[PDB]
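Novice: structure here, sequence nowhere to be found:
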Ligand SMILES: *[C@@H]1O[C@H](CO)[C@@H](O[C@@H]2O[C@H](CO)[C@@H](O[C@@H]3O[C@H](CO)[C@@H](O)[C@H](O[C@H]4O[C@H](CO)[C@@H](O)[C@H](O)[C@@H]4O)[C@@H]3O)[C@H](O)[C@H]2NC(C)=O)[C@H](O)[C@H]1NC(C)=O
Ligand SMILES: *[C@@H]1O[C@H](CO)[C@@H](O[C@@H]2O[C@H](CO)[C@@H](O)[C@H](O)[C@H]2NC(C)=O)[C@H](O)[C@H]1NC(C)=O
Ligand SMILES: *[C@@H]1O[C@H](CO)[C@@H](O)[C@H](O)[C@H]1NC(C)=O
Ligand SMILES: *[C@@H]1O[C@H](CO)[C@@H](O)[C@H](O)[C@H]1NC(C)=O
Ligand SMILES: *[C@@H]1O[C@H](CO)[C@@H](O)[C@H](O)[C@H]1NC(C)=O
Ligand SMILES: *[C@@H]1O[C@H](CO)[C@@H](O)[C@H](O)[C@H]1NC(C)=O
Ligand SMILES: *[C@@H]1O[C@H](CO)[C@@H](O)[C@H](O)[C@H]1NC(C)=O
Ligand SMILES: *[C@@H]1O[C@H](CO)[C@@H](O)[C@H](O)[C@H]1NC(C)=O
Ligand SMILES: *[C@@H]1O[C@H](CO)[C@@H](O)[C@H](O)[C@H]1NC(C)=O
Ligand SMILES: *[C@@H]1O[C@H](CO)[C@@H](O)[C@H](O)[C@H]1NC(C)=O
């Protein structure tokens, strides 16, 4: 659970730093001691060296209100050995993962009738290159209508697969093969942009922030400056036209062969809403202590 | 921001030490920029206080600075009746300032030389004088007071202290005793205010003066005056 | 008009409370040092208060206090107690006065004026022998 | 029922005899030297004059009370300060080494905030009261020197050693302090004998109590808490004016220069009018608040004068007037 | 006129009471000004003049953040029949920074 006494994942003020002082701040926060919407990814089926049928959940049939944006804790399970989801007896080294998010306002049912088919013009963020690139866009998705394809027969869900024996080698990256993997299930039309972002790799805990405001969609990351702490600073302000109202996760698995499977981290999702906090900025300007009101 | 013909003497290093007007691309104001060790978030570039007053700024060169204001001195006056004797005082300041850097309206002439330093700051219109007054009427603060002559500048005397008659701390069994050898009657006139002038007031004659539409309009308030 | 009325009412209730408490003060001051002599230091007159007189005033009571105010204080030789050489137990102490080695011998004066006078029984009291007293033999006081 | 053992209680009391004198210009805080602001300030006008008259009269009454008390508490004749005073009584806190040691251990431990009485402008040129136009008002320097209140307390220290043997302010009788203490103990109902064989014992108990009140300068003293309360009351009073510049009372901003920078004259007239109405009401409340503080301080000054006359310049017989128990 | 002018105006009298009175203090003149901050490239306005202005229920926004502007190149070539500005002065809109 999130703790404000421990000062976990509180977004910084947008442009107004302080020093060594406390101040009230009305803004977008989560509550105290929230359970959240923690999920976790896993690898698909495999026998020996065989990339088999996938192994995912029913997230695509599920949807939640976008509300006031939210945050994601990334890397809370790394640095240690933990259980394997597809093989519960087996436990492997936990490697952190970075999930892909699709968001919009108009949702329908899939071709098999299951609810979740987003309509018209929607935004997808997708990390690629074994966690290096951050390709994001706000364009027109289209489901594929073939076998095991979202508009076609024998279809349950969709996922972006990860081939680690090829993708996670030194360099390489297969020209963002997870975007191809999504493109193995979908395609893209009437596209406003295809935005490219870089990041480094680590085994240190981190956060990510999403919100919507009338000027645009604010994207917050602490990887830019506060690697060793963690509190949310803007790097991106996406030029959106309207205000979104639905979010969902694109499911994602790994084409990891069974002989060399790897455990993965459980990322946490916490909604945000307007509340009021008190902030205790130290001399450094870093957030090390805050306190709730509600 | 619009297109701007950028000036060479608009860098912070270009105008160090003299308080000027910052226009940081929509963040405007005036004050004095001083060299400071780096405090707070570098990337925010703007820091305020609990009273939401901007305190410091990370300049683009890589040097951090602080600011308070274009502070100048408070100004006060002393004046004596029946001897047209006036003087000006500036609080807690070095005698830096002459008639140059002004605002509001003009000043008053004087017939001298200009300044004099005092513990409360600077004074125009006085001069040193080694006399000591216990019963000053117009004390200029701390321990200084101006005595007009019994007509030009006044006498900047210090406030005298009524140091009492010190007595000798004899330690033997004998004692040095103070004793009055003359006396007087003092007629101290005191007064205590006991009861103020008892007053009443009508509602309607006071508020309304006997006008009929007013008379219906009064009752909506009504009971307040009751 | 009613806001001015409310402010006037508030001000006059403040003035009335002040008037009541100050009237209690004036009643007290005409009680202590007027109908008697309040020995407390400077309640109604500086120094020691001696007498007072009371007159009216169109919104209060006006007081005149005649008080003692001394001057030309000099320094003299004084002590606490005298105890006999044969009888060190029997000692005397002044009552509202002082034993003064006069510049005419020990003598008595009051505590308010340089008024030397020959010491007798009436202005002193028999007291216990404390240490740091004076112990005369050539002319014992009565 | 009789007492058989005893001690000395160092009761700590404080009287806020005089609030800090504050002087503010209406024109600077309300207006900050803006021309159209000064033009609009004309109609309300005499509100400034009433505020200035009220604050000046309150300050004058405070100074008159100060003058009356200090002339009143002025011993007409006293004694200087020497080491070895008290002799046996270790009274090192009492002795002024240009101020008193106990005054230092009080004032320094008081959470104070940067006077800047000569180098305040230089303090702003160095790196609370450096705020002067930011504070918007002038702190009035105190009516005496700090050296002069030290001299007042010095005269008092000389006075109390001698006044407490004879009724009446006519003369002065500055007997060595130990005999004075002994006679004062004889007054409250203690025989001279137990004084005569236990001078060192009562001296040690006195010294221990003085050390305990000396070393007790912490939260355990309610007088320490109350003097900090008075300091914080002054702080809150000044911060009321300080933080109210941020208040727009409904205006789009607080920076009056930005107000005239962005907005046309006919509407900024109404905006500035709202600002100055809020400001003048706050100053009216401030004036009334220090008026209440001033009359409170005047009555407190009178009470302190009575206490220093009665249970300080004498050994009062009032049941616990200023000594918890007997004095 | 002088200090005595406001002193006399503060009491409604030609004959005043003597005394140390606080007077409205003055201000030292500004020493200059500094305009220092990093400025980016101009945000172009050609897409406004490019293509049909859309329907009133389909009006097309143009966001401008961290850019520059020269208003001289556009308003003289607009055949404006109505120029109003709510909550702000219509002339000095090009002046201030936002
Ligand atoms: C997970 O694995 C990572 C390695 O990927 C491992 O990271 C290490 O963490 C420690 C602990 O923070 C780091 O030590 C730091 O060293 C720097 C100087 O280089 C200090 O400034 C750091 O102090 C920070 O933290 C304090 C609170 O602990 C703050 O109060 C202070 O202001 C500083 O912000 C700290 O001492 C170490 O450098 C890294 N190593 C690497 C290679 O990154 C981490 O410990 C593992 N475990 C967990 C639970 O994450
Ligand atoms: C930040 O604020 C704290 C809190 O007041 C300051 O720490 C105090 O410093 C004083 C000065 O010696 C000490 O007496 C207090 O005990 C300290 N309190 C605490 C809680 O640390 C600190 O100095 C301030 N730092 C800066 C850079 O302003
Ligand atoms: C949203 O998507 C639906 C899907 O059919 C479409 O009918 C509708 O026109 C879209 N809305 C907009 C504003 O394009
Ligand atoms: C995509 O853009 C083209 C060209 O502007 C347009 O003709 C077409 O209708 C668009 N398609 C959708 C689904 O908006
Ligand atoms: C400010 O002071 C620091 C500390 O000495 C110094 O390193 C720095 O160069 C100074 N600033 C400038 C602009 O010289
Ligand atoms: C006045 O003169 C005396 C001696 O000449 C000197 O000690 C004192 O500092 C002077 N004071 C001022 C204000 O010049
Ligand atoms: C006391 O002083 C007054 C006036 O100063 C004088 O007339 C009177 O003679 C003096 N008396 C004594 C005893 O000195
Ligand atoms: C002389 O005075 C001392 C001091 O009080 C005393 O102790 C002693 O008893 C006195 N001598 C006589 C004979 O009274
Ligand atoms: C009186 O009490 C105190 C503390 O209770 C103790 O230190 C002291 O010795 C006692 N004195 C006697 C004479 O019993
Ligand atoms: C008196 O008290 C002071 C204060 O701490 C101390 O330094 C000194 O040693 C004490 N002297 C005696 C004789 O008790």
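Specialist: Everything's here; your move. Numbers count the residues shown, from 1 in each chain, chains lettered A, B, ... in the order given. Ligands and ions are numbered 1, 2, ... in the order given.
Novice: please make it C-alpha for all contacts and neighbour counts, starting now.
Specialist: Will do.
Novice: SS state for residue D:217?
Specialist: Under DSSP: H, G, I helix; E, B strand; the rest coil, residue D:217 falls in the coil class.
Novice: name the residues of chain C found near ligand 8, please.
Specialist: C:83-85, C:88, C:131-135 (Cα under 6 Å from any ligand atom).
Novice: ok, 5 Å please
Specialist: Contacts of chain C with ligand 8, taken as Cα under 5 Å from any ligand atom, map to C:85, C:88, C:131-135.
Novice: which residues touch stretch D:308-316?
Specialist: Contact with stretch D:308-316 is made by C:40-42, D:73, D:159-160, D:163-165, D:184, D:321-322, D:327, as judged by Cα atoms under 8 Å, 6 or more residues apart in numbering or on different chains.
Novice: mind doing that once more with 6 Å?
Specialist: C:41, D:160, D:164 (Cα atoms under 6 Å, 6 or more residues apart in numbering or on different chains).
Novice: burial of the closest residue to residue A:160 other than its chain neighbours, as a residue count?
Specialist: If the residues on either side of it in the chain are set aside, residue A:160 comes closest to residue A:252, at 4.5 Å by Cα to Cα, 6 or more residues apart in numbering or on different chains. Using other Cα atoms under 10 Å in any protein chain shown, residue A:252 has 26 neighbouring residues.
Novice: report the contact partners of residue A:252.
Specialist: A:159-161.
Novice: how about the helices of the stretch 51-200 of chain D, start to end?
Specialist: D:101-107, D:120-124, D:146-163, D:177-187, D:192-197, D:199-215 (DSSP state H, counting those that start in this stretch).
Novice: most tightly surrounded among the ones you listed?
Specialist: Most buried of the helices of the stretch 51-200 of chain D, by mean neighbour count (mean count of other Cα atoms under 10 Å in any protein chain shown): helix D:146-163, with a mean of 20.
Novice: need the helices of the stretch 51-200 of chain D in CSV with distance to residue B:217, can you?
Specialist: What follows is the helices of the stretch 51-200 of chain D, written out as CSV (distance: least, Cα to Cα, whole Å):
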stretch, distance to residue B:217
helix D:101-107, 61
helix D:120-124, 58
helix D:146-163, 61
helix D:177-187, 74
helix D:192-197, 83
helix D:199-215, 67
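Novice: and these: which comes nearest residue D:224?
Specialist: Closest to residue D:224 of the helices of the stretch 51-200 of chain D, according to Cα to Cα: helix D:101-107, at 8.7 Å.
Novice: which helix runs longest in the chain?
Specialist: With no chain named, the answer covers chain A. The residue-count maximum for a helix in chain A (DSSP state H) belongs to helix A:177-183.
Novice: meant chain E actually
Specialist: helix E:3-9.
Novice: check which residues of that helix are buried.
Specialist: E:3-4, E:7 (16 or more other Cα atoms under 10 Å in any protein chain shown).
Novice: partners of the helix or strand following it in the sheet?
Specialist: Later in the chain than helix E:3-9, the nearest helix or strand by DSSP states H and E is strand E:21-22. Here strand E:21-22 has these sheet partners by DSSP bridges: strand B:75-80 (antiparallel).
Novice: near ligand 1, from the contacts of stretch D:308-316?
Specialist: Okay, of the contacts of stretch D:308-316, nothing touches ligand 1 (Cα under 5 Å from any ligand atom).
Novice: and which of those residues is nearest residue A:136?
Specialist: residue D:160 (85.3 Å).
Novice: what's the separation between residue A:142 and chain D?
Specialist: 47 Å (Cα to the nearest Cα, to the nearest Å).
Novice: number of nearby residues for that residue?
Specialist: Counted with other Cα under 10 Å, residue A:142 comes out at 18.
Novice: what's the spacing between it and residue A:149?
Specialist: 11 Å (Cα to Cα, to the nearest Å).
Novice: output the contacting helices and strands for the longest strand seen in chain B.
Specialist: As assigned by DSSP state E, the longest strand anywhere in chain B is strand B:182-193. Applying 3 or more Cα pairs under 6 Å, 6 or more residues apart in numbering or on different chains; DSSP states H and E, one finds that strand B:182-193 contacts strand C:60-71.
Novice: so what strands line up beside the strand it packs on?
Specialist: When DSSP bridges is applied, strand C:60-71 pairs with strand B:182-193 (antiparallel), strand C:48-57 (antiparallel).
Novice: for that strand, what is the distance to the chain centroid?
Specialist: 14 Å (Cα atoms, centre = their mean, to the nearest Å).
Novice: residue A:58: which of the helices of the stretch 51-200 of chain D is closest?
Specialist: Closest among those, using Cα to Cα: helix D:120-124, at 64.5 Å.
Novice: which one of the strands paired with strand C:60-71 is the most hemmed in?
Specialist: strand C:48-57 (a mean of 16).
Novice: how about residues contacting that strand?
Specialist: Contact with strand C:48-57 is made by C:34, C:62-68, as judged by Cα under 6 Å, 6+ apart.
Novice: now do the contacts for the spatially closest residue to residue B:190 that is not a sequence neighbour.
Specialist: Distances taken as Cα to Cα, 6+ apart place residue C:63 nearest to residue B:190, at 4.9 Å, with adjacent residues excluded. Residue C:63 makes contacts with B:189-191, C:53-54, as judged by Cα under 6 Å, 6+ apart.
Novice: closest to chain D out of these?
Specialist: Of all these, residue B:190 has the smallest distance to chain D: 13.0 Å, by Cα to the nearest Cα.
Novice: quick one: the closest one from residue C:64, how far?
Specialist: Residue B:190 is 6 Å from residue C:64, by Cα to Cα.
Novice: before we move on, what about residue D:16?
Specialist: Computed as Cα to Cα, the residue D:16 to residue C:64 distance reads 30 Å.
Novice: and if you look at residue D:175?
Specialist: Residue D:175 is 35 Å from residue C:64, by Cα to Cα.
Novice: more neighbours: which of the two?
Specialist: residue D:175 (25 against 18).
Novice: excluding chain neighbours, what is closest to that one?
Specialist: residue D:162 (5.6 Å).
Novice: residues contacting the one you found?
Specialist: Shown here is residue D:162, whose contacts under the criterion Cα under 6 Å, 6+ apart are D:173-175.
Novice: closest to ligand 8 out of those residues?
Specialist: residue D:175 (14.9 Å; Cα to the nearest ligand atom).
Novice: so residue C:73 touches residue B:180, yeah?
Specialist: Yes - counting by Cα atoms under 6 Å, residue C:73 sits close enough to residue B:180 to count as a contact (4.0 Å).
Novice: picking up where we left off before, and the helices of the stretch 51-200 of chain D: which comes nearest ligand 5?
Specialist: Short answer: helix D:120-124, nearest of the helices of the stretch 51-200 of chain D by Cα to the nearest ligand atom, at 16.6 Å.
Novice: for chain C, what is the nearest residue in chain D?
Specialist: residue D:170 (5.2 Å).
Novice: and the residue lying closest to that residue once chain neighbours are set aside, what element?
Specialist: Nearest non-adjacent residue to residue D:170, counting by Cα to Cα, 6+ apart: residue C:112, 5.2 Å away. When elements are assigned from DSSP H and E, residue C:112 belongs to no helix and no strand.
Novice: what about residue C:112, how many neighbours?
Specialist: Other residues within reach of residue C:112, judged by other Cα under 10 Å, total 22.
Novice: distance check, it against residue C:41.
Specialist: Taking Cα to Cα, one finds residue C:112 at 15 Å from residue C:41.
Novice: gap between the two ends of stretch E:89-98?
Specialist: Taking Cα to Cα, the first and last residues of stretch E:89-98 lie 14 Å apart.
Novice: does stretch E:73-90 reach chain B?
Specialist: No - applying Cα under 6 Å from any Cα of the partner chain, one finds stretch E:73-90 separated from chain B by no less than 12.0 Å.
Novice: endpoints of that stretch, how far apart?
Specialist: For stretch E:73-90, the end-to-end distance is 17 Å (Cα to Cα).
Novice: buried sites along it?
Specialist: Neighbour counts over stretch E:73-90 (16+ other Cα under 10 Å) mark residue E:89 as buried.
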